[PDB]
$ cat target.pdb   # PDB, C-alpha atoms
ATOM      1  CA  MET A  20      91.166 110.746 102.898  1.00  0.00           C
ATOM      2  CA  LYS A  21      90.848 107.418 101.129  1.00  0.00           C
ATOM      3  CA  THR A  22      93.543 105.169 102.611  1.00  0.00           C
ATOM      4  CA  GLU A  23      92.947 101.746 101.099  1.00  0.00           C
ATOM      5  CA  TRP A  24      92.616 100.467  97.540  1.00  0.00           C
ATOM      6  CA  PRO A  25      91.040  96.980  97.737  1.00  0.00           C
ATOM      7  CA  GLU A  26      89.998  97.368  94.090  1.00  0.00           C
ATOM      8  CA  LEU A  27      93.673  97.037  93.102  1.00  0.00           C
ATOM      9  CA  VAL A  28      94.119  93.457  94.342  1.00  0.00           C
ATOM     10  CA  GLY A  29      95.305  91.372  91.379  1.00  0.00           C
ATOM     11  CA  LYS A  30      96.511  94.326  89.294  1.00  0.00           C
ATOM     12  CA  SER A  31     100.040  94.860  88.001  1.00  0.00           C
ATOM     13  CA  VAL A  32     102.348  97.323  89.778  1.00  0.00           C
ATOM     14  CA  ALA A  33     102.141  99.632  86.761  1.00  0.00           C
ATOM     15  CA  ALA A  34      98.331  99.698  86.874  1.00  0.00           C
ATOM     16  CA  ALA A  35      98.133 100.100  90.678  1.00  0.00           C
ATOM     17  CA  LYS A  36     100.558 103.052  90.807  1.00  0.00           C
ATOM     18  CA  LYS A  37      98.484 104.911  88.208  1.00  0.00           C
ATOM     19  CA  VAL A  38      95.396 104.794  90.467  1.00  0.00           C
ATOM     20  CA  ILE A  39      97.224 105.472  93.730  1.00  0.00           C
ATOM     21  CA  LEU A  40      99.008 108.541  92.399  1.00  0.00           C
ATOM     22  CA  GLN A  41      95.718 110.080  91.283  1.00  0.00           C
ATOM     23  CA  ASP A  42      94.441 109.812  94.843  1.00  0.00           C
ATOM     24  CA  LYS A  43      97.730 110.583  96.617  1.00  0.00           C
ATOM     25  CA  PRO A  44     100.035 112.372  94.196  1.00  0.00           C
ATOM     26  CA  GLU A  45     102.941 112.603  96.635  1.00  0.00           C
ATOM     27  CA  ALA A  46     102.784 109.014  97.802  1.00  0.00           C
ATOM     28  CA  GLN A  47     105.999 107.195  98.611  1.00  0.00           C
ATOM     29  CA  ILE A  48     105.315 103.831  96.926  1.00  0.00           C
ATOM     30  CA  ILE A  49     107.424 100.847  97.922  1.00  0.00           C
ATOM     31  CA  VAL A  50     107.191  97.359  96.421  1.00  0.00           C
ATOM     32  CA  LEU A  51     107.868  94.231  98.477  1.00  0.00           C
ATOM     33  CA  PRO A  52     107.223  90.516  98.028  1.00  0.00           C
ATOM     34  CA  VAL A  53     104.004  89.501  99.826  1.00  0.00           C
ATOM     35  CA  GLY A  54     104.842  87.921 103.189  1.00  0.00           C
ATOM     36  CA  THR A  55     107.797  90.245 103.879  1.00  0.00           C
ATOM     37  CA  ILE A  56     107.961  91.002 107.618  1.00  0.00           C
ATOM     38  CA  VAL A  57     107.621  94.755 108.208  1.00  0.00           C
ATOM     39  CA  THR A  58     107.717  96.946 111.315  1.00  0.00           C
ATOM     40  CA  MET A  59     104.634  98.553 112.863  1.00  0.00           C
ATOM     41  CA  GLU A  60     105.710 102.192 112.315  1.00  0.00           C
ATOM     42  CA  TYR A  61     102.956 104.292 110.718  1.00  0.00           C
ATOM     43  CA  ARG A  62     104.153 106.458 107.792  1.00  0.00           C
ATOM     44  CA  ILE A  63     101.362 108.655 106.401  1.00  0.00           C
ATOM     45  CA  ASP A  64     103.360 109.311 103.212  1.00  0.00           C
ATOM     46  CA  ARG A  65     103.785 105.655 102.352  1.00  0.00           C
ATOM     47  CA  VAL A  66     101.902 103.034 100.421  1.00  0.00           C
ATOM     48  CA  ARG A  67     103.439  99.567 100.357  1.00  0.00           C
ATOM     49  CA  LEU A  68     102.553  97.267  97.455  1.00  0.00           C
ATOM     50  CA  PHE A  69     102.839  93.572  98.405  1.00  0.00           C
ATOM     51  CA  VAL A  70     103.211  91.502  95.236  1.00  0.00           C
ATOM     52  CA  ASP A  71     103.045  87.818  94.329  1.00  0.00           C
ATOM     53  CA  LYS A  72     105.437  85.880  92.070  1.00  0.00           C
ATOM     54  CA  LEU A  73     103.536  87.061  88.974  1.00  0.00           C
ATOM     55  CA  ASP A  74     104.277  90.628  90.112  1.00  0.00           C
ATOM     56  CA  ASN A  75     100.575  91.354  90.805  1.00  0.00           C
ATOM     57  CA  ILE A  76      99.143  93.038  93.916  1.00  0.00           C
ATOM     58  CA  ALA A  77      98.476  90.310  96.488  1.00  0.00           C
ATOM     59  CA  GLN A  78      97.095  92.241  99.447  1.00  0.00           C
ATOM     60  CA  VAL A  79      95.017  95.399  99.807  1.00  0.00           C
ATOM     61  CA  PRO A  80      97.303  98.421  99.419  1.00  0.00           C
ATOM     62  CA  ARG A  81      96.944 100.879 102.291  1.00  0.00           C
ATOM     63  CA  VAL A  82      98.601 104.032 103.655  1.00  0.00           C
ATOM     64  CA  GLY A  83     101.097 103.259 106.429  1.00  0.00           C
TER      65      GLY A  83
END
$ encode --input "target.pdb" --output "C-alpha cells"
Amino acid sequence: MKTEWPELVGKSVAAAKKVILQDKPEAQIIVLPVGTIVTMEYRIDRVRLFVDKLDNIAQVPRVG
C-alpha cells in the first residue's frame, strides 16, 4: 500500500486525481486550501489535497 504521492506536489487537482485514483480507485478525495486546520482522525479511505491560490497541490498528498 502506497500511501503518499510526493510526485504530485505542484500539479493541478485534475492531474493529481488521475494518478491517485489509479492507485486507490475508491479513494475519498477532498480538496482544501493549504493551511486549513484539520483534526487528527485517521481515515484510511481519504486523501486530502491541500492546494495553493493557483489551485495546485501545495503539500504531499497522503492517506488519512
$ resolve_selection --input "target.pdb" --expression "the PyMOL selection byres ((chain A and resi 83) around 10)" --output "number ranges by chain"
A: 22-23, 59-67, 80-82
$ write_last_selection --input "target.pdb" --atoms "C-alpha atoms" --output "short mmCIF file (atom, residue, chain, number, x, y, z; two decimals), in the frame of the given file"
data_model
loop_
_atom_site.label_atom_id
_atom_site.label_comp_id
_atom_site.auth_asym_id
_atom_site.auth_seq_id
_atom_site.Cartn_x
_atom_site.Cartn_y
_atom_site.Cartn_z
CA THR A 22 93.54 105.17 102.61
CA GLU A 23 92.95 101.75 101.10
CA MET A 59 104.63 98.55 112.86
CA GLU A 60 105.71 102.19 112.32
CA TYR A 61 102.96 104.29 110.72
CA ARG A 62 104.15 106.46 107.79
CA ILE A 63 101.36 108.66 106.40
CA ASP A 64 103.36 109.31 103.21
CA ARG A 65 103.78 105.66 102.35
CA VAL A 66 101.90 103.03 100.42
CA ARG A 67 103.44 99.57 100.36
CA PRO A 80 97.30 98.42 99.42
CA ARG A 81 96.94 100.88 102.29
CA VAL A 82 98.60 104.03 103.66
#
$ residues_around --input "target.pdb" --residues "residue A:54" --least-positions-apart "2" --cutoff "8 Å" --atoms "only C-alpha atoms" --output "MDAnalysis selection string"
chainID A and resid 52 56 69
$ residues_around --input "target.pdb" --residues "residue A:73" --least-positions-apart "2" --cutoff "12 Å" --atoms "all atoms listed in the file" --output "list in words"
residues 29, 30, 31, 32, 52, 53, 69, 70, 71, 75, 76 and 77 of chain A
$ write_last_selection --input "target.pdb" --atoms "C-alpha atoms" --output "compact mmCIF listing (two decimals), in the frame of the given file"
# COMPACT_ATOMS: atom_id res chain seq x y z
CA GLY A 29 95.30 91.37 91.38
CA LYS A 30 96.51 94.33 89.29
CA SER A 31 100.04 94.86 88.00
CA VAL A 32 102.35 97.32 89.78
CA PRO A 52 107.22 90.52 98.03
CA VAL A 53 104.00 89.50 99.83
CA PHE A 69 102.84 93.57 98.40
CA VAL A 70 103.21 91.50 95.24
CA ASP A 71 103.04 87.82 94.33
CA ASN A 75 100.58 91.35 90.80
CA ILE A 76 99.14 93.04 93.92
CA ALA A 77 98.48 90.31 96.49
$ atom_distance --input "target.pdb" --atom1 "atom CA of residue A:21" --atom2 "atom CA of residue A:50"
19.8 Å
$ closest_residue --input "target.pdb" --among "A:68, A:20, A:51, A:57" --to "residue A:36" --atoms "all atoms listed in the file"
A:68
$ atom_distance --input "target.pdb" --atom1 "atom CA of residue A:78" --atom2 "atom CA of residue A:27"
8.7 Å
$ atom_distance --input "target.pdb" --atom1 "atom CA of residue A:37" --atom2 "atom CA of residue A:55"
23.4 Å
$ decode --input "target.pdb" --residues "stretch 43-65 of chain A" --atoms "N, CA, C and O atoms" --output "PDB file, in the first residue's frame"
ATOM      1  N   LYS A  43      -5.534   4.113  -5.887  1.00  0.00           N
ATOM      2  CA  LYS A  43      -6.605   3.879  -4.887  1.00  0.00           C
ATOM      3  C   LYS A  43      -7.919   4.290  -5.509  1.00  0.00           C
ATOM      4  O   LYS A  43      -8.448   5.393  -5.280  1.00  0.00           O
ATOM      5  N   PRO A  44      -8.460   3.383  -6.325  1.00  0.00           N
ATOM      6  CA  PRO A  44      -9.701   3.615  -7.060  1.00  0.00           C
ATOM      7  C   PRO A  44     -10.898   4.043  -6.218  1.00  0.00           C
ATOM      8  O   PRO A  44     -11.771   4.774  -6.764  1.00  0.00           O
ATOM      9  N   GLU A  45     -10.963   3.621  -4.963  1.00  0.00           N
ATOM     10  CA  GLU A  45     -12.147   4.036  -4.182  1.00  0.00           C
ATOM     11  C   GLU A  45     -11.843   5.139  -3.186  1.00  0.00           C
ATOM     12  O   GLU A  45     -12.549   5.306  -2.167  1.00  0.00           O
ATOM     13  N   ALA A  46     -10.803   5.902  -3.489  1.00  0.00           N
ATOM     14  CA  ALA A  46     -10.410   6.990  -2.593  1.00  0.00           C
ATOM     15  C   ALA A  46     -11.480   8.079  -2.520  1.00  0.00           C
ATOM     16  O   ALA A  46     -12.101   8.416  -3.530  1.00  0.00           O
ATOM     17  N   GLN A  47     -11.597   8.571  -1.304  1.00  0.00           N
ATOM     18  CA  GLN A  47     -12.489   9.699  -0.971  1.00  0.00           C
ATOM     19  C   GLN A  47     -11.502  10.899  -1.025  1.00  0.00           C
ATOM     20  O   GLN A  47     -10.676  11.040  -0.108  1.00  0.00           O
ATOM     21  N   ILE A  48     -11.592  11.668  -2.088  1.00  0.00           N
ATOM     22  CA  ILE A  48     -10.694  12.809  -2.288  1.00  0.00           C
ATOM     23  C   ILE A  48     -11.385  14.122  -1.952  1.00  0.00           C
ATOM     24  O   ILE A  48     -12.381  14.434  -2.608  1.00  0.00           O
ATOM     25  N   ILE A  49     -10.803  14.809  -1.009  1.00  0.00           N
ATOM     26  CA  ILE A  49     -11.276  16.113  -0.530  1.00  0.00           C
ATOM     27  C   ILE A  49     -10.221  17.185  -0.830  1.00  0.00           C
ATOM     28  O   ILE A  49      -9.015  16.935  -0.623  1.00  0.00           O
ATOM     29  N   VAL A  50     -10.704  18.344  -1.252  1.00  0.00           N
ATOM     30  CA  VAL A  50      -9.818  19.470  -1.568  1.00  0.00           C
ATOM     31  C   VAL A  50     -10.012  20.583  -0.530  1.00  0.00           C
ATOM     32  O   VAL A  50     -11.154  21.002  -0.260  1.00  0.00           O
ATOM     33  N   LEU A  51      -8.903  21.072  -0.014  1.00  0.00           N
ATOM     34  CA  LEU A  51      -8.922  22.151   0.978  1.00  0.00           C
ATOM     35  C   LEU A  51      -7.765  23.113   0.730  1.00  0.00           C
ATOM     36  O   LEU A  51      -6.699  22.678   0.278  1.00  0.00           O
ATOM     37  N   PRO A  52      -7.980  24.376   1.073  1.00  0.00           N
ATOM     38  CA  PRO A  52      -6.877  25.351   0.919  1.00  0.00           C
ATOM     39  C   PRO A  52      -5.748  24.943   1.864  1.00  0.00           C
ATOM     40  O   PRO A  52      -5.985  24.542   3.033  1.00  0.00           O
ATOM     41  N   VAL A  53      -4.514  25.043   1.392  1.00  0.00           N
ATOM     42  CA  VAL A  53      -3.339  24.688   2.214  1.00  0.00           C
ATOM     43  C   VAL A  53      -3.389  25.577   3.462  1.00  0.00           C
ATOM     44  O   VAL A  53      -3.778  26.750   3.313  1.00  0.00           O
ATOM     45  N   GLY A  54      -3.039  24.990   4.602  1.00  0.00           N
ATOM     46  CA  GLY A  54      -3.069  25.776   5.854  1.00  0.00           C
ATOM     47  C   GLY A  54      -4.354  25.560   6.649  1.00  0.00           C
ATOM     48  O   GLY A  54      -4.426  25.970   7.830  1.00  0.00           O
ATOM     49  N   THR A  55      -5.351  24.942   6.050  1.00  0.00           N
ATOM     50  CA  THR A  55      -6.612  24.666   6.759  1.00  0.00           C
ATOM     51  C   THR A  55      -6.304  23.751   7.957  1.00  0.00           C
ATOM     52  O   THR A  55      -5.632  22.721   7.765  1.00  0.00           O
ATOM     53  N   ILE A  56      -6.829  24.117   9.111  1.00  0.00           N
ATOM     54  CA  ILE A  56      -6.638  23.311  10.328  1.00  0.00           C
ATOM     55  C   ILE A  56      -7.547  22.089  10.259  1.00  0.00           C
ATOM     56  O   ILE A  56      -8.761  22.301  10.100  1.00  0.00           O
ATOM     57  N   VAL A  57      -6.990  20.913  10.388  1.00  0.00           N
ATOM     58  CA  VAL A  57      -7.789  19.675  10.338  1.00  0.00           C
ATOM     59  C   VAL A  57      -7.630  18.920  11.650  1.00  0.00           C
ATOM     60  O   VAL A  57      -6.714  19.266  12.410  1.00  0.00           O
ATOM     61  N   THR A  58      -8.499  17.936  11.849  1.00  0.00           N
ATOM     62  CA  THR A  58      -8.411  17.123  13.088  1.00  0.00           C
ATOM     63  C   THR A  58      -7.423  16.000  12.849  1.00  0.00           C
ATOM     64  O   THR A  58      -6.975  15.795  11.709  1.00  0.00           O
ATOM     65  N   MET A  59      -7.060  15.294  13.893  1.00  0.00           N
ATOM     66  CA  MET A  59      -6.093  14.192  13.813  1.00  0.00           C
ATOM     67  C   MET A  59      -6.699  12.832  13.492  1.00  0.00           C
ATOM     68  O   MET A  59      -5.901  11.855  13.438  1.00  0.00           O
ATOM     69  N   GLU A  60      -7.995  12.724  13.288  1.00  0.00           N
ATOM     70  CA  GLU A  60      -8.612  11.421  12.991  1.00  0.00           C
ATOM     71  C   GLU A  60      -7.988  10.821  11.726  1.00  0.00           C
ATOM     72  O   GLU A  60      -7.720  11.561  10.768  1.00  0.00           O
ATOM     73  N   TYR A  61      -7.754   9.521  11.771  1.00  0.00           N
ATOM     74  CA  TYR A  61      -7.155   8.788  10.647  1.00  0.00           C
ATOM     75  C   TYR A  61      -8.268   8.073   9.887  1.00  0.00           C
ATOM     76  O   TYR A  61      -8.947   7.210  10.465  1.00  0.00           O
ATOM     77  N   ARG A  62      -8.440   8.430   8.629  1.00  0.00           N
ATOM     78  CA  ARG A  62      -9.458   7.861   7.728  1.00  0.00           C
ATOM     79  C   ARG A  62      -8.721   7.195   6.569  1.00  0.00           C
ATOM     80  O   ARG A  62      -8.200   7.883   5.682  1.00  0.00           O
ATOM     81  N   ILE A  63      -8.687   5.875   6.595  1.00  0.00           N
ATOM     82  CA  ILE A  63      -7.984   5.086   5.567  1.00  0.00           C
ATOM     83  C   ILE A  63      -8.546   5.222   4.168  1.00  0.00           C
ATOM     84  O   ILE A  63      -7.855   4.871   3.176  1.00  0.00           O
ATOM     85  N   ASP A  64      -9.767   5.692   4.029  1.00  0.00           N
ATOM     86  CA  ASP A  64     -10.429   5.879   2.741  1.00  0.00           C
ATOM     87  C   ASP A  64     -10.095   7.228   2.076  1.00  0.00           C
ATOM     88  O   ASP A  64     -10.332   7.389   0.883  1.00  0.00           O
ATOM     89  N   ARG A  65      -9.656   8.141   2.927  1.00  0.00           N
ATOM     90  CA  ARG A  65      -9.425   9.514   2.471  1.00  0.00           C
ATOM     91  C   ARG A  65      -8.037   9.977   2.085  1.00  0.00           C
ATOM     92  O   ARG A  65      -7.009   9.620   2.640  1.00  0.00           O
TER      93      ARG A  65
END
